[PDB]
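Coming up, as structure tokens: structure 1 and structure 2, two forms of one and the same protein chain.
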Structure 1
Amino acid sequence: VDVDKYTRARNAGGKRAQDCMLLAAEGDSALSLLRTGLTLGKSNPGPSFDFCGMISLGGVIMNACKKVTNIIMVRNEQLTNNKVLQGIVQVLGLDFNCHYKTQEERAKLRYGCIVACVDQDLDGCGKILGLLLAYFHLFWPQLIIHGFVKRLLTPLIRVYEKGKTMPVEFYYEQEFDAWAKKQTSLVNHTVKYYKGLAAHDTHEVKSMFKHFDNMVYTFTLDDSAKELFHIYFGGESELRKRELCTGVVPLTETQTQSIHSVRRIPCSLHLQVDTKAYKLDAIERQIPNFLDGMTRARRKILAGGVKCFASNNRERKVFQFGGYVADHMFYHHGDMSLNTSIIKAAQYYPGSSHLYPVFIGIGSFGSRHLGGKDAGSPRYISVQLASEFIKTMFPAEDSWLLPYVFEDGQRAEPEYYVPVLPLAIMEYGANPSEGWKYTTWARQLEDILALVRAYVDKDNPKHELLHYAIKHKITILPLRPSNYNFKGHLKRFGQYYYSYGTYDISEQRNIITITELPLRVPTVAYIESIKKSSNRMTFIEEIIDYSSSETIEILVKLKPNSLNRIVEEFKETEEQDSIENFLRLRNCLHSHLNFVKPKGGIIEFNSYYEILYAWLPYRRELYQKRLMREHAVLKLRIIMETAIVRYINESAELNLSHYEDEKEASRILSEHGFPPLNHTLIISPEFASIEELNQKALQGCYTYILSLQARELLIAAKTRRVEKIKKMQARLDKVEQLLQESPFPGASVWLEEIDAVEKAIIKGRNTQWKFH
């Protein structure tokens, strides 16, 4: 058998076939690592190619459960032709018309078992290994029972001590993350994440293959397996919506001891832990958070952009910026996916996902006609922080107070941003995930400004009304779909908004001219869909696309005497006319307002109001958290600057005899009443909590006097320093002035920043989001 990317065991299919293992790795790179370990005469029987074969799974394998129908059980033509699954069936000699119930039939296979060597990320052991188990369970459940399906367990994270040869190994990112927060310090630790099998170094691969047999686990079937395979991989997404609303239930210590002592894993437990953990992670990766409308990748890209560009906004190529984001924000996935999200994050065309892109795209970033799929490759085009928009919408002062994600024991991106405006309902989104779909249509900016200002401005005439409405979850002000960059019409019919294109009829020339398409409808795909209809093309002799870069003009030349037959074979409803029916110039803005909670998990909203009402408390509270901490540091900075002024007012006074070292100089300052200060924390509070700031700022030392430069002893410098103190005490009164406000602390500065975000949006809109 000569299957692609297959390297046989020497004894495969022979007399000793049932002694052979078929190793199934994720791809070529993992395969090359397995070959590295399978070819040692220094392991002195580890395995070798005498009895071990290799085969590539080609990434995620096809879900056979959704591609079969039982009359018998027939495999649909996509599943029958899958090159990856064909190669496994051929290499193993599997038979689809055999149940493999008897020991004699099982010995007609070309290998004794198949050992899944998937990577240890949730994608590997949860989804890919899950999908592989569902394949065998669907067609040969007997093979699972008799241990024909095994797996190789490898670590996902290794943590090495500086003074220890052997490391501590983890198999789930949760295992590490909990163990790391409960660690006193990781300065003497380097965390390594193994994104694929090919990531282990030579000494680790030798260790992994010396102990190869003690790390092969065998899968078993119970009664719960059959339903669980249907919940996780069946046709009914409702069953996933029920299962994926709760967290993973961990294994009991009695359970983990049985599994490891006999090295057998029931399929049902694998589905409840590994596969479920992936699908939960998959939701957090693809469905955005309702607070800031971002996914994990897009939040990493923004946090990485702020670090990369807020100090120096020189443009950078996309693949370079992707490297920065992946480095500094600890991105554990493929470089090419992250580069696509960067490009899509910066596209600004009529109907694009983002009405307010986080970056300025410099180069060819895609047109409306091809759904932004005609953007240049990541090596030609560059991005640049839309700084004026970003600084007004994501206040830098607030990022210190957000909860943060920690990857590999180090701080990464925020768990969520809390922007000044409800970004989750101000943009276009549409993509699926596990269990839930996600689709949202951007609300009108003026409707959003009206809602938030009523909530915040005490002088608004609907302020008290809105608060009484939020409490009972009623609606008083409209939240209409946005019409910006849309020349068509929006109409409401009952509970649904509809988007309409625009057309012109010239009865003489017999041309229908489409001058706008429905919302988010790409031009080239639209024209191709009207040629794929035999019904409609009977009346069309030609379609010609004269559209601008970003305006629509399609010339539909009709066949002689068809306009009268069109009105007949296409009905005219009170909500759509016959030509709008003929040319499919109307869609429905169906929403799937499923989002991600701050502390994890899905959340099903019922209206755009509910999202806005849920986001308000987080933005309200952050303005308080911000002002409360600016108060704490200002209090502290005045203490530090007044202490410095009093020192240099007494400089020649305290230095009255020569002192030996820096610890003696601290004797003199302590006895004279100068406070020991942690100047590093007072100048740079960073992520310190107020309770931690007060605790640690005053337990310090006196570097703030000893690092003082002689030039700060000058009179002109001193008056500069003392007027700085006036600045801070005027500010501190203003700060606690703002804390005392109605309806809540910081209401007036929230209003100030809403005007700043509006001004930035207007400037960007007037410049096609270029800001030049």
Structure 2
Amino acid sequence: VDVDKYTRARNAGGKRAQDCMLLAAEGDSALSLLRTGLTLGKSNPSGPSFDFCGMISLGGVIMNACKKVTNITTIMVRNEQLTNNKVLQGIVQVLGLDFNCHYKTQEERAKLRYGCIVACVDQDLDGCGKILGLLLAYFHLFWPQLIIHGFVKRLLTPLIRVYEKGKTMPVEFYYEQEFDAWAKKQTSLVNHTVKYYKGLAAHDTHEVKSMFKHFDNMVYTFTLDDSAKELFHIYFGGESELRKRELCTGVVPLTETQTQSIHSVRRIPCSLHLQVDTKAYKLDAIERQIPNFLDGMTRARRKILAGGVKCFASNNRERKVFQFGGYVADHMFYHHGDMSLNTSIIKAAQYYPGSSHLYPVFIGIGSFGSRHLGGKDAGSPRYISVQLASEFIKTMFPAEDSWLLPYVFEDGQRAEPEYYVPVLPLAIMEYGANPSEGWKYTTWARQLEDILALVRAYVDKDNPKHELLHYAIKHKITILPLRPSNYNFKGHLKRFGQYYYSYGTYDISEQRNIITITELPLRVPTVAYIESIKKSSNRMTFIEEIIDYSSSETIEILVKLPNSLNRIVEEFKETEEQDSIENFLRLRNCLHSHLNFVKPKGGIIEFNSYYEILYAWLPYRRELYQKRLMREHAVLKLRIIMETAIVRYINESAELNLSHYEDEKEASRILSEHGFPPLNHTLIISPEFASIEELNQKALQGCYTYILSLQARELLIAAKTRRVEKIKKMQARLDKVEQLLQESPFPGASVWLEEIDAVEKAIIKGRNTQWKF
């Protein structure tokens, strides 16, 4: 056969056709690895080869067949989309598969062009979890007998290899979970190197030779059982409610008996693979696509922010998107393709009416797209550059707080935090709408002034509502509003029953048969609207032309209707929820919300209203003010002790001439003999992520270095006057922190209110400059 991305095995379809394997890989780069391994003259005699092995590309993610089939009774009818899929239709041609056959007898199977198919997917969760599950679901849906009789197989490859400086042999892992456990449980990985294999093509020469030296001893066969049929419907059927049930809990790990049994005979039940590999993907896809309720960010957008703060710290000089993306993927350990990261960066910096972000993390330099095309008319990442919206970020995400956040560790190293805790509840302040596994995500930004009133009343005791709001929250009866935002909207909003709705604006003119549309409902792109209207034969009966005179950010569509306005009212219908002229031009939109978010420790959580998201975020922000303030108190005490000792050394440096002492170790003794405290200076000047316990526990690992590396410029008494000034100001700050801790209703309430005013100033300023500053 002549199929694209297919390299035939020599004996395929011939006398020895049942001795051949079809290696299905994720893409061309993975095919290049398989080609290299099958072309080894020094792997023999059991080394695989093109005598009995073929290659075919799966084209990345294949199509879910279970969701494109209609049952018919006297029959399973395949849809167009499934019938005309090039990748799957190529696999059917290469294998000589027949949808009418059920392949139960070894006669019936011996007319196939290959003996089996071996899924050589990448070990990333997308590969073994998603793509492999889709392939298993394809065969189970059409030819379940082939799974019973061992036709569907798998090649196991590592996902992580960690090498030691000594040992010539690495430690190999097949799951990020099991490596991360191994990494934290290790003492330190100081002389190791960790390598994550996002695709097959990442394996090096001597690594490829090892994998093919043990090829068939890494090939596993799939098996079927009664439990499989229902599980395939759970994970890949049409009812997402089951996914909502399955994804409430984490994966149930394999027992020591199941693991040992599987590896001894190299057989994997389809039910176990769906429960472990496929499910682990499904939970992971939720973490990628569903944002956290604390900061309203996905993992990519949080890595992009954390990387942005690092990259745009020294300079904040603009950098092109493709350059910034590489920095993010390197310093924040990003295990996926650069295409999806570069696009996320652009979507994170877009600022137009209807955009996802009312308060974008970055400033966009260049053509970043327009409302009229929904932001998809942005320039390629090679031209446009981003730049941190540093005034907003510095106020919304305080730098002091970031040391105290819990952090994700990828490849054995610290990466982005598990979550940020912004000063205002950012998860309800922006727009969002994307699907995921099991749950959909959709948010419509809440009004800024309502958020301020509510949050400020919770913290400001002098606010009239302070008694009363806390009493209301304990009994879950809400008194203050959280209404949809009206910013960047030239229309109005209405609330009917259980939904809020969005309304455009229009103007009629009787002198010359025109309707001028000057606003569309929230998040509606102009071009698609015009297209969608002219695609109506009902309406276009009465329109002769539609002309678009909108400006870059505004909307102005002139619609030339003979006297037909009367019919429109008759042909359509007028209610208290929608004018007929507003039915004629679809100027109405329903604010459907799907408030599903991710938990701090991990998992899905469903919210019923925007109020609960605010109430759930407040304790984390309340508690975080304690740690900063508590830690500042602890560090200030130590810095005072250190500076006081240094000023005492400067006062004793002239008589206590260090010039005469022989060694570094001697000089450390004479400072101890003079009553100087041994101090762990590096931790005092730069505590970084040190917890309070670590602070007090390691502050005594002294070395007297804080004196010995003191420069001569510090001996000058003006530098010493600045030190004594610094001591007095730190001693003054210490007493304000003690008061700020003993504050009501909780430590740091006044600090929270100050920073709330600071964030508001940044938003007001950004809003007046179109987030250009």
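Please note that residue numbering is based on structure 1, beginning with 1 at the start of its sequence. If you superpose the two forms and keep the largest set of C-alpha atoms that fall within 1.5 Å, you have the rigid core.
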* Asked: Relative to the superposed core, which single residue of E653, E528, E568, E236 shows a CA shift of 2 Å or more between the two structures?
  -> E653
* Aligning on the rigid core, what is the distance the CA of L714 moves between the two structures, in angstrom? -> 1.4
* **between the two structures, how far the Cα of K473 shifts once the core is aligned, in Å** => 2.0
* Align on the rigid core first, then pass along the CA displacement of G334 between the two structures in angstrom. => 0.4
